[PDB]
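Cβ: placed from backbone, ideal geometry, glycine included. Neighbour counts: every protein chain shown. Taken together, the values in this text are just the output of simple stated rules run on the coordinates, not laboratory data.
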Amino acid sequence: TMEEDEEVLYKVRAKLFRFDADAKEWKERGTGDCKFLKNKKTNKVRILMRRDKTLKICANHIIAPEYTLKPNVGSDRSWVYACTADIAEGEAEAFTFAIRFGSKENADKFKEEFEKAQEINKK
Amino acid sequence: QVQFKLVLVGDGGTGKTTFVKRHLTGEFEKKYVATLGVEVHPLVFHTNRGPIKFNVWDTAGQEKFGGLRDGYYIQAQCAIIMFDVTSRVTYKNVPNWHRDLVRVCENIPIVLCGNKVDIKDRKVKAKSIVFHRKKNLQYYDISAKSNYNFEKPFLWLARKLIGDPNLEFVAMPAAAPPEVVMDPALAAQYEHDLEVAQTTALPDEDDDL
Amino acid sequence: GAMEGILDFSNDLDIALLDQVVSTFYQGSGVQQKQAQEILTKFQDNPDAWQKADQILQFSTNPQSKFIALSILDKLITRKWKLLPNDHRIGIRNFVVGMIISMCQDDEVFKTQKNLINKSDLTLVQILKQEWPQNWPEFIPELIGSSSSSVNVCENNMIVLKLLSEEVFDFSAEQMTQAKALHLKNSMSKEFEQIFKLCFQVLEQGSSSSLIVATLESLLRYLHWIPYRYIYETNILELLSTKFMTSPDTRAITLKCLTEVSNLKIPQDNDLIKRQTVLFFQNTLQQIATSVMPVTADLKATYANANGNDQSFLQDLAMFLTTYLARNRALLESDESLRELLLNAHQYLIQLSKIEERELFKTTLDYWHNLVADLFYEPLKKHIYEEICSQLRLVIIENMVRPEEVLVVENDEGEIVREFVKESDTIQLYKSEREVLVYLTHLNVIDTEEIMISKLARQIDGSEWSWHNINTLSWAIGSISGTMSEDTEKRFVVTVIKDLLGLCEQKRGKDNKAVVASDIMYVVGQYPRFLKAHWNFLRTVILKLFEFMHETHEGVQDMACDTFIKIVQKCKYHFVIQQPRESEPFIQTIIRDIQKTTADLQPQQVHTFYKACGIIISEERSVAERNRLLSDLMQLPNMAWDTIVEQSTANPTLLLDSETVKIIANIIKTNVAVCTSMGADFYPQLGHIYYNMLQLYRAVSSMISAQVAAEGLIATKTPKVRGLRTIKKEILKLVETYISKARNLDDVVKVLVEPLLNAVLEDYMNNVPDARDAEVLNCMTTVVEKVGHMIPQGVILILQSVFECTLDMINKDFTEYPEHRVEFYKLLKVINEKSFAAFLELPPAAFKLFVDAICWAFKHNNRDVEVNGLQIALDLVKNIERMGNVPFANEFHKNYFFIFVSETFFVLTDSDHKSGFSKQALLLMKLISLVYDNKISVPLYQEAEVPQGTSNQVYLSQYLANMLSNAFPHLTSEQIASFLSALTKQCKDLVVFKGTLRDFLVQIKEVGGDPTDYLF
Ligand SMILES: Nc1nc2c(ncn2[C@@H]2O[C@H](COP(=O)(O)OP(=O)(O)OP(=O)(O)O)[C@@H](O)[C@H]2O)c(=O)[nH]1
Ligand SMILES: [Cl-]
Ligand SMILES: [Cl-]
Ligand SMILES: [Cl-]
Ligand SMILES: [Cl-]
Ligand SMILES: [Mg+2]
Ligand SMILES: [Mg+2]
């Protein structure tokens, strides 16, 4: 699994989308638990999200300081951002992600933890 | 690694391609674009007996788009027969799909799947589905939309193809991912699409999640 | 690429190139495989590819090339065979027959290319379906003769007979005309004695060869249809029931043979045939016990291990025992010497019902239902199965699955969460177990109770405490409600809940408490008879449900509100009266602390709470008490409401606060919830808010349009506009809810409807499409349905506002605005049934769009739309005919009769709308019957096209003969004539009419269909 040298800073149930820029539509990537893992050797924090039942990785990237969470016009319980290097699906790729939660509270809680994780990755 | 050919058959519109695409990419395609002939798709699952690969042959259900028809079944090692619980006719032709299928594949594991069980107005109700009992098919209600039982057809086939009844899906290990820098030469391309992504609404905004 | 070369028929076909394309396709991958795919598809659908098939079969090195060559032939034989000259017909037969013999005589080819032999055999049978017996009388005799000269040939002939039986008896109903299937069935029946004898000889002179299995496989097919004498008056039952059970590779097919045997057509007044039916069962059970496993064996574990074919075999055994015993067990219940056989068979089923596999369990449970219903109605039988039923109770109780009421559930990690989805298959499994358990309790209520109380004892002291065991036990206890006496039930229930209350206080953690709470709530909800007679326990129950409404775990509070509703719809009387030893009717104590007890519920839980309160209040039938109980219940909603509308009508831009819009919606949703349970009785509360509510609708409307105009179409996706549209949809739903349940319909017409139509119709018609709510159509459907007969002009106004502009949204594809699409045809249906006069007030141009709108609904494959579309068409034809000989009806027929006839013909025949076949046929039959009963009083044809004296019958058959000839150019004129003749003669008999239509659907898929088929 590669998650025993790692602390879980934050867990929340969430659904993750990628923007298909040629079709102009959001497409689901996975539904499951989104985890903030902080490696105990490097103190680097990644997002790691697995689908329910298949446990397949649908998100695997460092929470980079540069990233910015931006709202999506249709939703108050979602964030959008551009990720430069995700490895959930083979070799690293760029993606525009959207992640949506069950609640406006969880979305805002994610946002604060997300930027707490950015502070950590700076240091 | 070892791989098995899987044929997926059933009437047009029953959700075969939706089901495959949900397993390939995680997405839920809402439009109906009838497939023409067959489209072949690798799909790998991680088990406690190593990785198992299915070469999924996703066939066409519409007769005009049928392509090579039973030609697609040759040397299939397993199969999924798909019908739609909101459409009685697609359950009525399940014995026709099974007929063509087993004339070419005499002794393979086969799942019967009644899809779309998430729709409230269900027409083929769970008492009427009995065709699998005498043909030794495994049967599952599924919903590619709600993902209800959506992994069980593959987990059942994996158990019978490997010959281990205790086979379970397991968490694939997650490599430590990199730290890549952004570049301003390709950014104004991505930041138009970042902008368009913010102004394109997310589907299904009344869902629980 | 080089691979495209095979599609150029200018040259000789390169066989090596084909085989590589084929190899690329099957064994390759990626885009080469995908390129190869489309090349072989084009190759295969080329109309002259069949001419190459002789060449490929000779010189190809590739089995699957040859398979594909046969597929091309296959499609030639099944569709255009009869136009070939006979030079090519007999030639194709000759090289198909020769290829089969050639492959059978080479033993390594017979061993290795089973797929390709099987496909050749199927291709031969497609030749038989068109030539035999009339142009091949010799086939069955020669086949029989050829069998004795070679064993590979003998075995292959069993495969050909097996497939031929299948195509003629098992799959002919859909794919042949009635007359051709009747012709091929008679032909096999006359030649079967020659066939059965060859099959009988093979089985006696041979043990467990692959020739034996192939013969048994063909026998399984013959058993679907052959006369009983071939099974009972030969020795074949003894062979099947003893010899072919010992060998494990004939055992599976024999067991399927004997299952079909346990279903033949058999005389019931013949004790020798009865003796044979007993004996083959006794022989089979004998062979299983000594060769496979004994009665004591743990089939649960055998099935779990999944060695070899053990799973398939246990399934086939379960199917054998339940088929045989459901029909023949009474042959075993009288004779004392067959009692051991009877119970050993059922003992095997008891062991089968322990297998942990749901579909197998459903198979045995259906048999157990069949058995225990019989024991409950049939005299003097239940004592035979006393021990069987006693173990059957244990099995069912220990494998109860979760009922729909129970919302908490264990997940993969092993914590208790609220359930995400409704599991419809397990809901059905629960009811099936309930029905069997209910019967088993009646057969011995003392045993059932003893099992259950002693299981509960071992949950309290912990010696087998588990989530699984407390659940299954609780669910079984709930499912047997009503099976006990009122006295036994009272002792039983008091015990069970006092003990369950014990467990809940004892165990630690919110997971254990959530489990025991869901069990308590399931039990109490299932025993209202007990709750009604014991107000002490009812009120502790209700108060305990109020405690569960304060739990952190959201699954537990949801179930408390649903259990409260479930108890209250059966016990409402005991809340509305004042009980002895109390201050008040309990309802007013409930309404009193309604804010405190609902404090930690989320909004839709509280709305359920108010709906339960509404159920109670409606039991009170004095108008004064109920009107004020209602007023007291709605005090929090009305309080909040009054402060919101005083603010909004003073300053119309205070509403934009998104927390105000959620306040407004939950207020209206509380009214919807309460009106759902009170119906007509809701009317006083509705009036208190109605005019202000319609003003807030118009106010919210302006803001929606203002924001679309300011921000664009995307504004309909924002949270702010979605929230304000929620307010409109909840307002419509409240009004739709009241009107559907209303008693006083003049108050509806005099008070409700005119303010409603003014508030919603113009706003719908004048919004842009993405801003119109389909809920408006839904609301109008209820208005027309209930009061339409009292408001003709309002129905006109409804038509004009919504009809054309919504038709414009849904009439360019089948996909966009899917819920508008459905509510629109619902609305046209009810207008056309209850207020057809409104369509008469449409201008001719709008009546044409109406007719266009109907035929549009035919072509959908969204079955909500087409059944209403076909229904409207049938109802419109009914409406026109009641008018009689008047100008509007005669004009309708001249303008639309043939549009309706051809549009339903098109969807009958295009192979894309087969789910509406029955209503299509009914509509078409009604249309044809009008002409043949002379119910159209003017000529349908325009004048100077046919002589003036000619009838509509005569012109109708010309019109249809011409319309069919151009749409189906490959039909002969005689085919079309005979079809229309039969079609018009049968136009009062729906079932025969439909058979003629299906016969036609067969013939249009082929060339040269026999016209005399339509005299069947
Ligand atoms: N509600 C619901 N809709 C579904 C479900 N699965 C599929 N659909 C829809 O049904 C349609 C099925 O389309 P496909 O999946 O392309 O159908 P198909 O079986 O591949 O059709 P052919 O390729 O013609 O054989 C799509 O619109 C899906 O969005 C489901 O579980 N629930
Ligand atoms: Cl082959
Ligand atoms: Cl005989
Ligand atoms: Cl009552
Ligand atoms: Cl003719
Ligand atoms: Mg498809
Ligand atoms: Mg690194």
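Net charge in the neighbourhood of C:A845 (other residues with Cβ under 15 Å of its Cβ; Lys, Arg +1, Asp, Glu -1) is -4. Taking the Cα atoms of the protein assembly as shown, the ratio Rg/Rh between the radius of gyration and the Kirkwood radius comes to 0.97.
Among C:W467, C:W136, C:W641, which comes first, then next, by fewest other beta-carbon atoms within 10 Å?
By the 10 Å Cβ count, ascending: C:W136, C:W467, C:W641.
Site pair C:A846 and C:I427 shows an inter-label distance of 4.2 nm when each label is modelled 7 Å from Cα along Cα→Cβ. Assuming a viscosity of 0.692 mPa s and a temperature of 37 °C, what translational diffusion coefficient in µm² per second does Stokes-Einstein assign to chain A, Rh being the Kirkwood radius over Cα pairs? Stokes-Einstein gives a translational diffusion coefficient of 225 µm²/s. Each residue of segment C:899-904 is assigned a 3J(HN,Hα), and the resulting list reads 4, 5, 5, 6, 6, 7 Hz, derived from the Karplus form 6.51 cos²θ - 1.76 cosθ + 1.60 (θ = phi - 60°), x at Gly and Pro. A straight chain from C:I899 to C:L874 at 0.36 nm per residue would run longer than the Cα-Cα distance by 7.6 nm. Would you mind telling me the antiparallel percentage of the DSSP bridges in the protein assembly as shown, rounded to 5? DSSP beta bridges in the protein assembly as shown are roughly 70 percent antiparallel.
At q = 0.08 Å⁻¹ the log10 of I(q)/I(0) for chain B amounts to -0.34, computed by Debye summation with a single uniform scatterer per C-alpha, solvent ignored.
Can you flag which of B:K30/C:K829; B:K160/C:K111; B:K31/B:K145; A:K40/A:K116; A:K116/C:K662; A:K104/B:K30 are past 23 Å Cα-Cα? As for pairs spanning more than 23 Å Cα to Cα, those are B:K30/C:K829; B:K160/C:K111; A:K116/C:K662; A:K104/B:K30. In this structure, the residue pairs whose Cα-Cα separation is over 28 Å, taken from B:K92/C:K42; C:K431/C:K572; C:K750/C:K878, are B:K92/C:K42; C:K750/C:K878. From least to most packed, judged by other beta carbons within 10 angstrom and beginning with the fewest, C:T254, C:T1012, C:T589, C:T737 follow the order C:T1012, C:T589, C:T737, C:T254. Restricted to Cα atoms, segment C:613-710 shows a radius of gyration and a Dmax of 15.3, 53 angstrom. Shown for B:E27, C:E398: other C-beta atoms within 10 Å of each C-beta, ranked fewest to most, produce the order C:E398, B:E27. Here the simple spin-label model places points 7 Å from the Cα toward Cβ, and for C:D14 and C:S965 these points are separated by 4.9 nm.
Computed over chain C, the per-residue total of -39500 (n - 2.57) for DSSP H runs of n ≥ 4 gives a 222 nm mean residue ellipticity of -23500 deg cm²/dmol, rounded to 500. With chain A treated as a Gaussian network of Cα nodes joined by springs under 10 Å, which of A:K35, A:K24, A:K11 yields the largest mean-square fluctuation? Highest fluctuation among the options: A:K24. Consider a paramagnetic label point 7 Å from the Cα of B:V2 along Cα→Cβ; state which residues of segment B:166-204 have an amide N under 16 Å from it. Output list for this probe position: B:166-168. For a Förster distance of 22 Å, can you work out the FRET efficiency between the beta-carbons of B:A176 and A:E115, rounded to the nearest 0.05? Once the sixth-power term is evaluated, E becomes 0.50.
Provide the FRET efficiency to the nearest 0.05 for the C:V992-C:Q286 pair, computing r from the beta carbons and using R0 = 45 Å.
Calculated value: 0.35.
Among the GluC sites (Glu not before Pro) found in segment C:768-831, those both in a DSSP coil and sparsely packed, with 13 or fewer other Cβ atoms within 10 Å of their Cβ, are C:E816. Net charge in the neighbourhood of C:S208 (other residues with Cβ under 10 Å of its Cβ; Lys, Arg +1, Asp, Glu -1) is +1. Grouping the Cα pair distances of chain C into 10 Å bins from zero gives a pair-distance distribution of 2, 8, 12, 14, 16, 18, 16, 10, 3, 0, 0 percent in increasing distance order. Ratio of Rg to Rh for segment B:4-121: 0.95 [Cα atoms; Kirkwood radius as inverse mean 1/r over pairs]. Holding the Cα-Cα limit at 32 Å, pick out from C:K180/C:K362; B:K16/C:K826; A:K15/C:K498 the pairs that are longer than that. Those over the limit are C:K180/C:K362; A:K15/C:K498. Label sites at C:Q800 and A:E105, each approximated as a point 7 angstrom past Cα along Cα to Cβ, lie 5.3 nm apart. Counting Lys +1, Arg +1, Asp -1, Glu -1, what net charge surrounds C:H607 among other residues with beta carbon under 11 Å of its beta carbon? So the environment of C:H607 carries a net charge of +1. Partner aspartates and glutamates whose Cα lies under 19 Å from the Cα of B:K5, excluding those fewer than 8 positions away in the same chain, are identified as B:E39, B:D58, B:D70, B:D100, B:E106, B:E151, B:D164. Listed by chain and number, the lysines whose alpha-carbon sits under 18 Å from that of C:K243, ignoring those within fewer than 8 places in the same chain, are C:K256. What is the calculated FRET efficiency for C:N861 to C:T972, with r their C-beta to C-beta distance and R₀ = 30 Å, to the nearest 0.05? The calculated FRET efficiency here is 0.40. Distant-in-sequence amide contacts of A:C83, defined by a placed amide H-H separation under 5 Å and a gap of 5 or more residues or a different chain, comprise A:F95, A:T96, A:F97.
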